[PDB]
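The same protein chain appears twice below, in two forms, each given on its own as structure tokens and labelled structure 1 and structure 2.
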Structure 1
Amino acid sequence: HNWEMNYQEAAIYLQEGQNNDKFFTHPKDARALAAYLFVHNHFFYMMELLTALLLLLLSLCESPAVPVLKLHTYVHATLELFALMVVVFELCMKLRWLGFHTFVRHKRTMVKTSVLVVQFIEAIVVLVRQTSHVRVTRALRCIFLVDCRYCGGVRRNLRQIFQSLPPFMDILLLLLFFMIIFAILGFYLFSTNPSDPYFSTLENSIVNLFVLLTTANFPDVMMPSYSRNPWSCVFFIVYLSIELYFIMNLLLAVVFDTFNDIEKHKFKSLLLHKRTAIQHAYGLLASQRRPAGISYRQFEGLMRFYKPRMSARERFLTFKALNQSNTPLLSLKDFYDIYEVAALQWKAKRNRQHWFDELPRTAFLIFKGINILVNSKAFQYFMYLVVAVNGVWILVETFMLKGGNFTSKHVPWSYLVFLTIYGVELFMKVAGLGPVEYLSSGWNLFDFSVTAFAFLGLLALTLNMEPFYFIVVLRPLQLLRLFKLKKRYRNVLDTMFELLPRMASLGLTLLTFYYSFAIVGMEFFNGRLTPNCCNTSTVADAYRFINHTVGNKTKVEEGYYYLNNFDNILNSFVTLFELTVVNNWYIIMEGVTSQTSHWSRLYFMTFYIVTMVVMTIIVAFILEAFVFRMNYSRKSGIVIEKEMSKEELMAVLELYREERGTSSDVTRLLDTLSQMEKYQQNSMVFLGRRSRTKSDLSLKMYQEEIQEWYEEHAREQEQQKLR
């Protein structure tokens, strides 16, 4: 019980090295160990996130809601009470794990407790009065999402846009300085004009130049001055070529540079944190013996709690893979590489195929012959001609049937023939190569997926299921196979498919900002946009709904911009998505401000600044990752190969049978014995493959100054371990 307490404690010291938290897990009692084990279970994470998504997705049943989900007020008030009750359960177990002083000084938990208190109080107020008040506190409900473990990518993304914000704010200050100067001079030059509503008041000119900054109304503000005096074009040329050409590109440059330094120090602090984590782990497995090292049974324990799904043969392989010495023990230099060796999967050296062992003759030459021909180059070179024939067939059938080849309810024999030939070569390729040897590439599962949609088109044509005909309309996705010829497409789609998870996280941060702005706009802008509204405004043309009932058929004219409501979450997400692409945003602004006040211009101006920050940080991320990988591949997974003897396997078998593990460890070592008996050899030569990530990539790039970081951090340990 003493050793296993040391093994679980040391396995915690490795697990906390990856998630960038400071070290708090040191137990005085075993109750803290049981509390860590209770709160870092996989079930606790899924409970925490599913409560958070229930608490967000309940907001489409509130007093502004879709009409099909309009619950009664006590129902959703009680559902908020139960969801907040189990969030109190979450914080109760967090308090049991940490202390009391650590639970207060930790900032993130205290933020979540405060938001819990205010939403709990206002929920009880709703349940008493049974009428919803203004209830603007729902915008803070995102904090329950972001504190979860599964969106820690969202969290470090969000602090990365926080840290890059001062070099944004100063250049934003310079840009606003020039628009106030040009708004003053614009008010002087064009206010003496009874024809334009664009420069009637100095505040109205500040508004119209803030909209001109983002290129939203450019010719329409220039024209009434350009009608009188043709030399007024120099005003808008000089203004727009200062801001759109100097200052905006300057802003992209400055945020890009700061993003580079933040990436460098993020990597550095992660390395130093992993360094102290491994040093504490080696310290807990101290020897009190005349050599300094770790015996094999302790490394059994570390791989028995950390990485629990790794069996015995791979455990001994990881012990030799870290060894790199002819010793019975380990070191530190041969032990700091534990993160990059324990992450791989081990295989033996067979040469078989997954569909040949059952086979006798008279059919083995068939399938082996298919594997032979499917490895040939001219077969692939035949397949690209088939795809090109498909593409010319779609193009010629298009410009012969005059574009009417898609609405018809009979397929003109193209999609039948082509899906047959793609399908039989799909089945031939998979059965020829084996399933896992086929799935291991990238483009092949794309071929499998798109034909997998495509057979449902045949399920849609011959049967009585009309609305699946759009799969038949998606013929030309098969031409996307053909991009794998040119080299730059393979490179740039490799980096596209490798940057996808971070762009998913950036998208979810953007949905956080949309959620809070959608709620805080949902309450104040509820029913202020109707058809034929805002008729006294200046953009009254866009809000119109006119019947022309001549001929008893009432042909209707409408400008449709009244559909951008703020009625529920769904119309407001569609509206806010129409504001982040920039064009025609001042129409929604001038409509809402023509119904509420002058102060609600400030809502939309603030929204444009926030979406400007988020989009320029997305651009900066894509540029850094693409430049970093392109600099790697012009300065040059991984496969390791080791081997173990027969007698070492027998002795380790004696130790494992002594230690009395499960039957799987014994019988898989017996299976290794059967492989040595069937092949009639002495040593088992193995392979371990690991995929290459950004961490090892950054180690190869910053390999010049990294030793200075280690040595400086070593003496800063000694300055902080004499006190």
Structure 2
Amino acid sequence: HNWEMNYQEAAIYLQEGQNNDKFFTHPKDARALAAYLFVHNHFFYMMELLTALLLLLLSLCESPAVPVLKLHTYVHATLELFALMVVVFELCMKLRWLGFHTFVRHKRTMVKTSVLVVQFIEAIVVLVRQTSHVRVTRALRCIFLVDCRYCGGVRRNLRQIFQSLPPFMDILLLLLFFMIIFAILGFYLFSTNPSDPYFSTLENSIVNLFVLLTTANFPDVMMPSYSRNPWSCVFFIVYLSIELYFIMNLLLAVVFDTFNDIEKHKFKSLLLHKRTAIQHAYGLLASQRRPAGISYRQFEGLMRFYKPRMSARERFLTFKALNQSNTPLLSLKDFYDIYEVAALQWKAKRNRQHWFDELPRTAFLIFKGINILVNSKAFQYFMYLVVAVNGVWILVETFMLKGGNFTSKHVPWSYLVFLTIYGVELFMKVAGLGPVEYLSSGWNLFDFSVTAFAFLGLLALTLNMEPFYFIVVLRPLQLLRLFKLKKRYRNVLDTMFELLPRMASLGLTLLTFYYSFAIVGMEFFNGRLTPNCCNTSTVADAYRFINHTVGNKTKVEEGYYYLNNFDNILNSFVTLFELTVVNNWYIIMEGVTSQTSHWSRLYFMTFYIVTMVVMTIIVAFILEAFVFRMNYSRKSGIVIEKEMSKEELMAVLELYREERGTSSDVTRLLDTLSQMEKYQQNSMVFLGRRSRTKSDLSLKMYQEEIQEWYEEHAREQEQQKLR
């Protein structure tokens, strides 16, 4: 009962190194062991995520409501109380695992408890008083989704944005200084003209030069001055040159470069925190004998507690992939690579087909015939020729019918001809190659998806479900097969499906900024923007709704900007998307400040600066990884190839018979005894594979400075171990 506890403890060191969890709270007794095992399941993590996500989606039914998803007050009050009681349960369990003095000194959980208390109080107050009072405190509910376990990549990306901020504030102050001094000069220089609303007072000049900084009103702010004297253009050319190009691009460059340094040091601390965890494990399950290493028995002991649900054959394969020195041990120089070998799935190599050992003759020659045709290199060039003729046919047919062919109910017979060609090619390729060897490649999956989508649209249209005619409209997506002919598109699309979870983990951070601004925007600008209001401002042309009664036609004209409300969480989300895309944001701004005070100008200006810093950091960081991996693809997942013999299995099998483990492991090794006998051979070659994570790109980016990190790390450990 000793070595199994060493195995459990060493697997805890590896999980605790993976999840970036501090080594002071490593469990020693059985009480802290059971608490650690109670918290770190996948049930508890999914309970955190479902509770937090239900709370954010509970904001969809509260007091500014989508009118069909509206509940009464006591219903969503008690749902809010129930979800907060689940959060109390989770903080009690983490308080059970960690100590009290470790719990209090961790700042994120303490802020989470204070937000928990305030949300609990106003939930009870809304439950008693029967009416929702203000509810601005909802905007702090992003901390329940950030502080979970699956959203670590969101939490770190927010923290590094707020840590990139002190170089931003300095040059921002340099920006606002020149903006004010050109507002003073502009007020003196252009206010005597009675024919402009722009430079009339001081706040009109300061607001209009802040909007001109975003270039949202550039010709319109210059024209009443440019009509009087044509030398008034010098003011705006000098202003845009100094302020926009030089200073604002200097601002974004400085913020992004401190963001890269902060990420580089965060990745450094993550590698070094993994490395000490491996060193504690090797300290725990070494031999302490005349050889210094790890035997196969202890490595079996790691893999039966770290990464369970794993075959004994796969376990032996990972051991031989870690050996690398051909002695029956593991040194630290070869045990420093657990995380990148224990994460790969092992497959055998079989050269037979999946339709030949089952059927007899005279269809055996058929499936041989289809395999020869589908792997002939003339069938491929023929199919590219079919795609090219299809595209030229579509283009000439749009020049014939003047683009009017995309409105009729009548399916062209040419569409039926090409759909039969891609269909027959789909059956011949999926049968002559095998459906396992068909869904392997991504392009075959794309062609199957598009062609089966077009059969669905064709069948639904002959079923007279006319809203499914847009599938018939999307014909030229079949021309997207033609892009694998060029090399650079293969690089772009492979990198696009490699960097996809990282892009989702950054879009979620941008959605957190939208969520807090949308809740403040709902509770203060709820019922202001109506049709045909704001007629005392300069934006009366845009909030208008005029009927006419010529004939019996009741033709209406309207300016449509009364639809950018803050009535719901959904109308406010599409409004904040219209403010991220920078154009015409001053119209929504000055409509709201026509109805409310001027401090709502302060709202929209703050949202502009926040969304611009966040958007440049997200786009630049993703595209730096994107360009690096394309150029690396022109410098040259990963595939390892190892093998075993039957002589290397005689040592393995009697150990499982002697130690008396489970039964499925033993019978698995009996099955590979049979598979060695059927082919009449001893040495059998296996094949390992795993998909690229973001840490592999981060190792290839910073490759020239990693050994320096490990040397400085070992020196720091010698400072602690000499003391």
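The term rigid core refers to the most C-alpha atoms you can superpose between the two forms while keeping them within 1.5 Å. When a residue number appears, read it as a position in the sequence of structure 1, where counting begins at 1.
*Asks:* Listing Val118, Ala348, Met400, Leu385 as candidates, which single one shows a C-alpha movement of 2 Å or greater between structure 1 and structure 2 when the core is held fixed?
*Replies:* The one that moves 2 Å or more is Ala348.
*Asks:* For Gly521, does the CA position differ by 2 Å or more between structure 1 and structure 2 when the superposition is done on the rigid core?
*Replies:* It does not, since the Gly521 C-alpha is displaced less than 2 Å between structure 1 and structure 2 after the core fit.
*Asks:* Establish whether a shift of 2 Å or more occurs at the C-alpha of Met644 between structure 1 and structure 2, with the two forms superposed on the rigid core.
*Replies:* Yes: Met644 shifts by at least 2 Å between structure 1 and structure 2.
*Asks:* Quick check on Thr327: with the core superposed, does its CA move 2 angstroms or more between structure 1 and structure 2?
*Replies:* Yes, shifts by 2 Å or more.
*Asks:* Can you give the CA shift of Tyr74 between structure 1 and structure 2, in Å, with the two forms fit on their core?
*Replies:* It moves 0.7 Å at the C-alpha.
*Asks:* Keeping the rigid core fixed, work out how far the Cα of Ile421 travels between structure 1 and structure 2, to one decimal in Å.
*Replies:* C-alpha shift for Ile421: 1.1 Å.
*Asks:* How many Å does the Cα of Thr25 travel between structure 1 and structure 2 when the structures are matched on their rigid core?
*Replies:* Once the two forms are fitted on their core, the shift reads 4.1 Å.
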